[PDB]
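To be precise, the following lines are work-v5.txt, and they hold compact mmCIF, C-alpha atoms.
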```txt
# COMPACT_ATOMS: atom_id res chain seq x y z
CA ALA A 1 -16.83 5.38 14.56
CA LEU A 2 -13.46 3.64 14.06
CA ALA A 3 -10.75 5.88 12.54
CA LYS A 4 -10.10 5.27 8.83
CA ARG A 5 -7.04 6.10 6.78
CA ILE A 6 -6.61 7.14 3.13
CA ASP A 7 -3.34 6.02 1.46
CA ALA A 8 -1.76 6.90 -1.89
CA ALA A 9 0.67 4.55 -3.63
CA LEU A 10 3.29 5.81 -6.10
CA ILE A 11 4.93 3.38 -8.55
CA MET A 12 8.45 4.36 -9.37
CA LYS A 13 11.12 3.36 -11.87
CA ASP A 14 14.59 4.85 -12.30
CA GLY A 15 13.67 7.68 -9.95
CA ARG A 16 10.46 8.66 -11.76
CA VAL A 17 6.73 8.17 -11.23
CA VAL A 18 5.61 5.58 -13.75
CA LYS A 19 3.01 7.29 -16.00
CA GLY A 20 3.32 10.52 -13.99
CA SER A 21 0.26 12.49 -12.86
CA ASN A 22 -2.18 15.19 -13.98
CA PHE A 23 -1.29 17.87 -11.46
CA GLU A 24 -0.22 20.80 -13.66
CA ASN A 25 0.56 22.96 -10.63
CA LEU A 26 3.60 20.77 -9.99
CA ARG A 27 7.00 21.74 -11.36
CA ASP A 28 7.57 18.10 -12.21
CA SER A 29 4.43 15.96 -12.21
CA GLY A 30 6.65 12.86 -12.51
CA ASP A 31 8.82 13.68 -9.49
CA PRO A 32 7.77 11.22 -6.76
CA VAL A 33 9.03 13.53 -4.03
CA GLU A 34 7.12 16.60 -5.20
CA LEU A 35 3.96 14.58 -5.88
CA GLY A 36 4.21 12.84 -2.50
CA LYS A 37 4.67 16.17 -0.76
CA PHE A 38 1.66 17.59 -2.56
CA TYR A 39 -0.48 14.61 -1.54
CA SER A 40 0.62 15.07 2.07
CA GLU A 41 -0.60 18.65 1.95
CA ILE A 42 -4.03 18.03 0.43
CA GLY A 43 -5.21 15.19 2.68
CA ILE A 44 -3.50 11.85 2.03
CA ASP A 45 -2.79 10.23 5.41
CA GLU A 46 0.05 7.86 4.48
CA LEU A 47 2.11 7.30 1.33
CA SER A 48 3.48 4.14 -0.25
CA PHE A 49 6.48 4.36 -2.57
CA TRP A 50 6.88 1.24 -4.69
CA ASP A 51 10.06 0.77 -6.72
CA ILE A 52 10.37 -1.38 -9.84
CA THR A 53 13.84 -0.24 -10.88
CA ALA A 54 15.00 -3.38 -12.71
CA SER A 55 18.58 -2.21 -13.07
CA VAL A 56 21.48 -2.74 -10.66
CA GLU A 57 20.83 0.85 -9.60
CA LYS A 58 17.82 -0.29 -7.57
CA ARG A 59 19.36 -0.37 -4.08
CA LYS A 60 20.91 3.11 -4.11
CA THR A 61 17.92 4.51 -6.04
CA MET A 62 15.50 3.40 -3.33
CA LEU A 63 17.84 4.66 -0.61
CA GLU A 64 18.11 8.10 -2.25
CA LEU A 65 14.33 8.19 -2.65
CA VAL A 66 13.56 7.48 1.03
CA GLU A 67 16.13 10.05 2.13
CA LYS A 68 14.69 12.79 -0.08
CA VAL A 69 11.13 11.86 0.87
CA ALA A 70 11.75 11.89 4.64
CA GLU A 71 13.31 15.33 4.30
CA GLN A 72 10.30 16.78 2.49
CA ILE A 73 7.20 15.13 3.97
CA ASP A 74 5.80 14.89 7.49
CA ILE A 75 3.31 12.03 7.22
CA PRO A 76 4.22 8.35 7.61
CA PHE A 77 5.41 6.55 4.50
CA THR A 78 6.15 3.00 3.39
CA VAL A 79 8.72 1.84 0.85
CA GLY A 80 8.40 -1.43 -1.06
CA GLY A 81 9.30 -3.34 -4.19
CA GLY A 82 11.64 -6.30 -4.08
CA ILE A 83 12.69 -5.98 -0.45
CA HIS A 84 14.09 -9.45 0.09
CA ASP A 85 15.99 -9.54 3.36
CA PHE A 86 16.54 -7.88 6.69
CA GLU A 87 19.58 -5.81 5.74
CA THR A 88 17.78 -4.21 2.80
CA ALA A 89 14.74 -3.45 4.97
CA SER A 90 16.98 -2.10 7.74
CA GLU A 91 18.93 0.26 5.42
CA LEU A 92 15.68 1.71 4.11
CA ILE A 93 14.09 2.30 7.53
CA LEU A 94 17.25 3.88 8.95
CA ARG A 95 17.58 6.11 5.90
CA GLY A 96 14.10 7.49 6.60
CA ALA A 97 11.20 5.16 5.82
CA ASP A 98 8.67 4.56 8.57
CA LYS A 99 7.64 1.14 7.26
CA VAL A 100 8.61 -1.48 4.72
CA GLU A 101 6.08 -3.30 2.54
CA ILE A 102 7.02 -6.89 1.70
CA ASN A 103 5.28 -9.69 -0.16
CA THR A 104 7.02 -12.48 -2.05
CA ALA A 105 10.05 -12.59 0.23
CA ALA A 106 7.73 -12.86 3.24
CA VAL A 107 5.75 -15.76 1.77
CA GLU A 108 8.97 -17.63 0.96
CA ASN A 109 10.51 -16.86 4.35
CA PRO A 110 7.91 -15.83 6.92
CA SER A 111 10.65 -15.41 9.56
CA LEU A 112 11.62 -12.24 7.63
CA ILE A 113 8.51 -10.62 9.15
CA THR A 114 9.71 -11.44 12.67
CA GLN A 115 13.32 -10.42 12.00
CA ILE A 116 12.36 -6.91 10.84
CA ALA A 117 9.79 -6.55 13.68
CA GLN A 118 12.31 -7.63 16.36
CA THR A 119 14.51 -4.59 15.56
CA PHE A 120 12.01 -2.04 14.25
CA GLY A 121 8.72 -3.05 15.87
CA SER A 122 5.64 -4.65 14.34
CA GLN A 123 4.46 -1.20 13.27
CA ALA A 124 7.37 -1.02 10.80
CA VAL A 125 6.29 -4.19 8.95
CA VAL A 126 3.51 -4.16 6.35
CA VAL A 127 2.76 -7.38 4.52
CA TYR A 128 1.19 -6.99 1.08
CA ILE A 129 -0.99 -10.02 0.27
CA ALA A 130 -1.96 -10.43 -3.39
CA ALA A 131 -4.93 -12.81 -3.54
CA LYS A 132 -7.29 -14.24 -6.10
CA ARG A 133 -10.15 -16.71 -6.41
CA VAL A 134 -9.08 -20.10 -7.75
CA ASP A 135 -11.51 -23.02 -7.89
CA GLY A 136 -13.70 -21.39 -5.27
CA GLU A 137 -10.95 -20.51 -2.79
CA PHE A 138 -8.91 -17.39 -2.04
CA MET A 139 -5.28 -18.22 -2.87
CA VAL A 140 -2.09 -16.25 -2.23
CA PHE A 141 -0.06 -15.18 -5.32
CA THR A 142 3.59 -14.11 -5.50
CA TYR A 143 5.96 -12.67 -8.14
CA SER A 144 3.63 -9.83 -9.20
CA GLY A 145 0.71 -12.21 -9.56
CA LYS A 146 2.62 -14.74 -11.67
CA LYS A 147 2.71 -17.62 -9.17
CA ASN A 148 -0.16 -19.41 -7.45
CA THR A 149 1.52 -20.49 -4.20
CA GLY A 150 -1.20 -22.96 -3.31
CA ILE A 151 -1.36 -21.24 0.09
CA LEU A 152 -4.86 -20.36 1.32
CA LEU A 153 -5.40 -16.66 2.05
CA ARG A 154 -7.04 -17.79 5.31
CA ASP A 155 -3.87 -19.57 6.43
CA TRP A 156 -1.45 -16.85 5.32
CA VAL A 157 -3.37 -14.05 7.09
CA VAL A 158 -3.20 -15.96 10.38
CA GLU A 159 0.51 -16.74 9.94
CA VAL A 160 1.34 -13.13 9.05
CA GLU A 161 -0.17 -11.90 12.33
CA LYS A 162 1.54 -14.70 14.27
CA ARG A 163 4.96 -13.72 12.81
CA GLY A 164 4.63 -10.13 14.02
CA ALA A 165 3.42 -8.00 11.10
CA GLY A 166 1.89 -4.63 11.92
CA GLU A 167 -0.54 -4.19 9.01
CA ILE A 168 -1.89 -6.20 6.09
CA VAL A 169 -2.45 -4.70 2.64
CA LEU A 170 -5.03 -6.86 0.93
CA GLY A 171 -4.68 -6.58 -2.85
CA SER A 172 -7.27 -8.29 -5.00
CA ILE A 173 -5.85 -9.53 -8.29
CA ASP A 174 -9.50 -10.12 -9.24
CA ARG A 175 -9.77 -6.27 -9.33
CA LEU A 176 -6.48 -5.26 -10.97
CA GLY A 177 -7.02 -2.59 -13.64
CA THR A 178 -10.73 -2.45 -12.86
CA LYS A 179 -12.67 0.55 -11.57
CA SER A 180 -15.70 -1.41 -10.32
CA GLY A 181 -14.86 -1.16 -6.63
CA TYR A 182 -12.74 -2.78 -3.97
CA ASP A 183 -13.11 -6.51 -3.43
CA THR A 184 -15.44 -6.15 -0.44
CA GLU A 185 -16.18 -9.90 -0.35
CA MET A 186 -12.44 -10.54 0.12
CA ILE A 187 -12.13 -7.86 2.81
CA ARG A 188 -15.13 -9.34 4.64
CA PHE A 189 -13.56 -12.78 4.39
CA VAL A 190 -10.29 -11.62 5.98
CA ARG A 191 -11.73 -9.29 8.65
CA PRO A 192 -12.63 -11.90 11.28
CA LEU A 193 -9.32 -13.77 10.83
CA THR A 194 -7.03 -11.01 12.11
CA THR A 195 -6.79 -8.19 14.65
CA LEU A 196 -4.40 -6.29 12.38
CA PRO A 197 -5.27 -3.18 10.38
CA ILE A 198 -6.49 -4.15 6.92
CA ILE A 199 -5.67 -1.86 4.01
CA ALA A 200 -7.75 -2.36 0.87
CA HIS A 201 -6.01 -2.20 -2.51
CA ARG A 202 -7.14 -2.61 -6.17
CA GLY A 203 -10.42 -1.73 -7.84
CA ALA A 204 -11.18 1.78 -6.60
CA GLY A 205 -12.89 3.91 -9.25
CA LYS A 206 -15.09 6.38 -7.39
CA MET A 207 -15.59 7.86 -3.94
CA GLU A 208 -18.41 5.51 -3.00
CA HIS A 209 -16.05 2.54 -3.38
CA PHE A 210 -14.06 3.78 -0.37
CA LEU A 211 -17.25 3.92 1.70
CA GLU A 212 -18.04 0.32 0.68
CA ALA A 213 -14.55 -0.83 1.68
CA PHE A 214 -14.88 0.72 5.13
CA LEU A 215 -18.31 -0.89 5.59
CA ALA A 216 -16.61 -4.21 4.72
CA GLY A 217 -14.21 -3.76 7.62
CA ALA A 218 -11.13 -2.18 6.05
CA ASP A 219 -9.17 0.17 8.32
CA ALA A 220 -7.59 2.01 5.40
CA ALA A 221 -7.93 2.21 1.65
CA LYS A 222 -5.04 2.64 -0.76
CA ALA A 223 -5.17 3.73 -4.37
CA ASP A 224 -2.85 5.15 -7.00
CA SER A 225 -3.90 5.89 -10.58
CA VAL A 226 -7.37 7.20 -9.59
CA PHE A 227 -5.57 9.89 -7.61
CA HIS A 228 -2.69 10.54 -10.04
CA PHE A 229 -4.99 10.90 -13.03
CA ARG A 230 -7.43 12.83 -10.84
CA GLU A 231 -10.49 10.63 -11.34
CA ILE A 232 -10.96 11.12 -7.59
CA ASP A 233 -10.05 14.29 -5.74
CA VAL A 234 -8.53 13.55 -2.35
CA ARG A 235 -10.11 16.52 -0.52
CA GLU A 236 -13.51 15.72 -2.03
CA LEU A 237 -13.10 12.08 -1.04
CA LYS A 238 -12.49 12.90 2.62
CA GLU A 239 -15.34 15.44 2.64
CA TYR A 240 -17.59 12.79 1.14
CA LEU A 241 -16.57 10.10 3.65
CA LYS A 242 -17.03 12.46 6.61
CA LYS A 243 -20.49 13.51 5.40
CA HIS A 244 -21.64 9.91 5.46
CA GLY A 245 -20.36 9.15 8.92
CA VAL A 246 -16.88 7.76 8.30
CA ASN A 247 -14.24 8.80 10.82
CA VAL A 248 -11.57 10.27 8.53
CA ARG A 249 -9.06 13.00 9.42
CA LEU A 250 -10.32 16.31 8.07
```

Would it be possible to restate this file's structure as C-alpha cells?
Amino acid sequence: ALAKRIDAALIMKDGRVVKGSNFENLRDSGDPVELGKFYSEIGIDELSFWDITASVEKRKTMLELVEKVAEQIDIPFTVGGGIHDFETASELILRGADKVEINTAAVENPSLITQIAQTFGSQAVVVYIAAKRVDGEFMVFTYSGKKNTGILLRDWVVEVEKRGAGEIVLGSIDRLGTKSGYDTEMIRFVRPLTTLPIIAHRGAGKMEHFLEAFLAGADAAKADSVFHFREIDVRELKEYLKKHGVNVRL
C-alpha cells in the first residue's frame, strides 16, 4: 500500500567510516563516499551521513564530505552530527546536502527547526528523537543518550511537527546495540500523534524486523551496522519486503 523507504546511516570520524564495512569489492571499504555510492546503486533509497569528528576540523570535514557525496551520488542524503545553529545547517545544505538531521540543538532551541525550514523548506529538516522508557513513560534524551530531558516523547513529537520539521527519525535507546528488532511499541505510540513521516532507527537484526516496523506504522526504516557488516543484504531485503506486500522501490 503506502510507499516505504529503506535508509542507510554511515557514522564518520576524521573523514572515515567508523568500523568500516565488509564489502571487499570496494577500493576503500572505509571511504564513506565510495560506500555511500555503492549503497545507492544496490537499492538504498536515502543515505544519512553522521559525523563525530571531535576535533576543530569538524566544520570543514563535514563540508568536504557533503560536497564529495553530492558529486558522486544521485539519491537524497542527510548530514548530521552536532549541527547546532542555522548557519551551520545552511552551509551544509548549500554545499550539497538535501537535508540536515538535528537533535539536541533542536530540543534546546525548537525555533531552530522553524529557522531552517523557513529558508530551505520543511522537507530539508529531519529531527532525530532519541527516546527511552523511564518509570513507565517515553522520555526524550539528548547528548547522545546522556541526558534525560524530562520532556515526554508525546509532547516533543507534537512540538516538532508544529515547528515545521519534515520528518522524524525515532531512535529507541531501549534497542541500542540490540538485534532483537525495532521498537514497534514506540513506533505505534508515536504514529497517531503526527502526520509526519516516521523513520525507525535502532534494533534491526534481520529482514523480518523491517516488515514489523512497517506494520507498526513507520514510513521508513534506517539501519547501519547490519548493512555494513552484511548481516542483511539490501537487495534481498527489498525483495523480501516486496514479496510480502510492502510497497518498496524495486

Q: Excluding stretch 21-27 of chain A and any residue of its chain fewer than 2 positions from it, enumerate the residues within 7 Å of it, using all atoms listed in the file, and give them as an MDAnalysis selection string.
A: chainID A and resid 19 29:30 228:230

Q: May I have the residues within 10 Å of residue A:124 as number ranges by chain, using only C-alpha atoms and disregarding those fewer than 2 positions away in the same chain?
A: A: 78, 89, 93, 97-101, 113, 116-122, 126, 165-167

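Nearest residue to residue A:46, choosing from A:249, A:209, A:243, A:188 and counting all atoms listed in the file: A:249.
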
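Closest approach to residue A:245 among A:211, A:6, A:218, A:160 is made by A:211 (distances from only C-alpha atoms).
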
Would you be able to write out as a PDB file with C-alpha atoms, keeping the file's coordinate frame which residues have an atom within 9 Å of (-2.8, 2.8, 1.1) in the file's coordinates, counting all atoms listed in the file?
```pdb
ATOM      1  CA  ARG A   5      -7.040   6.100   6.780  1.00  0.00           C
ATOM      2  CA  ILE A   6      -6.610   7.140   3.130  1.00  0.00           C
ATOM      3  CA  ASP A   7      -3.340   6.020   1.460  1.00  0.00           C
ATOM      4  CA  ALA A   8      -1.760   6.900  -1.890  1.00  0.00           C
ATOM      5  CA  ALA A   9       0.670   4.550  -3.630  1.00  0.00           C
ATOM      6  CA  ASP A  45      -2.790  10.230   5.410  1.00  0.00           C
ATOM      7  CA  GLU A  46       0.050   7.860   4.480  1.00  0.00           C
ATOM      8  CA  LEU A  47       2.110   7.300   1.330  1.00  0.00           C
ATOM      9  CA  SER A  48       3.480   4.140  -0.250  1.00  0.00           C
ATOM     10  CA  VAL A 169      -2.450  -4.700   2.640  1.00  0.00           C
ATOM     11  CA  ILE A 199      -5.670  -1.860   4.010  1.00  0.00           C
ATOM     12  CA  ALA A 200      -7.750  -2.360   0.870  1.00  0.00           C
ATOM     13  CA  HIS A 201      -6.010  -2.200  -2.510  1.00  0.00           C
ATOM     14  CA  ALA A 220      -7.590   2.010   5.400  1.00  0.00           C
ATOM     15  CA  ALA A 221      -7.930   2.210   1.650  1.00  0.00           C
ATOM     16  CA  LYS A 222      -5.040   2.640  -0.760  1.00  0.00           C
ATOM     17  CA  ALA A 223      -5.170   3.730  -4.370  1.00  0.00           C
ATOM     18  CA  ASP A 224      -2.850   5.150  -7.000  1.00  0.00           C
TER      19      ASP A 224
END
```

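The coordinates place atom CA of residue A:83 at 6.1 Å from atom CA of residue A:102.
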